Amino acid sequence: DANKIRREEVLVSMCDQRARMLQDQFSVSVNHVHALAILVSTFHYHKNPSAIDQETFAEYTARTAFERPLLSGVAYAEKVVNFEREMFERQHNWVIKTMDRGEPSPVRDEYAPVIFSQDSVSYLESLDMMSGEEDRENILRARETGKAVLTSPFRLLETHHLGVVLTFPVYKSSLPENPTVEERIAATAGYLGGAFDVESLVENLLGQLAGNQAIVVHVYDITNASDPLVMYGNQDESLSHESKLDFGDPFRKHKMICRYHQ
């Protein structure tokens, strides 16, 4: 009887600690990605001529990789509307490519080609981030809301690891104060994004912890309560505990669930 009580208390403690650790690391990453969005705005748009380039972005992001613990890499995609495509591709000496096959993009109203990338995600360069549905939806919500947004869990490029993408908007100085959504769209310069590689880096975070073999941990995206999506853990459908997670995007909801094996 006393033993059941102690067992419950240990589960709550273990689960709550893991949830705090994960929320905190996510939070630190989001904050540092916000700083990068501000850096691109200040150095690429506010300065004339631009005082940021791929070499500099690669260096800075490499040297600050420690500031973004759950992220496999960061990249900056620029907003390009179709009338500007020819000039853009001539300036960059490359063609805007599709994410799925790396083929030259068919005509679209607009694109979000990656122009700067951390070398860890170098394969993103020139890819149109609107040619992937999760990234596209993220890009639109980022620019319309003015804030960091997260995707549902999905399998990331190259590694195929299950993760979530974080996108921040970057705006031109023409953005009015207290802007409408329409004003936000018009003033959009691009999108600073990062991949939370949950499958690998959350596993590295949690798997090293004492007691890991005694409990089963899942993280769910419960944005749609009738359709919970696994973000971390196995696909399995008594004694559990739900620990709170808040990853900072009001559009999404998450939770951690822990159980004992036996």
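Only the largest set of C-alpha atoms that superpose within 1.5 Å between the two forms is called the rigid core. Each residue number is its position in the shown sequence, starting from 1.
Note on 49-57 and 225-233: with rigid core alignment, C-alpha atoms in 6 other deposited structures of this protein sit farther from this form for 49-57.
According to the entry, the deposited sequence has 4 to 9 residues without coordinates between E237 and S238.
Here the stretch with the larger average CA B-factor, out of 161-169 and 96-104, is 96-104. Comparing 39-47 with 200-208, the higher mean C-alpha B-factor in the PDB entry belongs to 200-208. Taking the deposited Cα B-factors for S117, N178, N82, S131, the highest one is held by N178. For the set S122, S126, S174, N138, the PDB entry puts the maximum C-alpha B factor at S174. In the deposited entry, the Cα temperature factor of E59 sits in the bottom third of values across the chain's modelled residues.
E110: CA B factor lies in the lowest third for its chain, per the PDB record. Sort the modelled residues of the chain by CA B factor and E78 lands in the lowest third. The deposited CA B-factor of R155 belongs to the middle third of values across its chain. Ranked by Cα temperature factor within the chain, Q91 sits in the highest third according to the deposited record.
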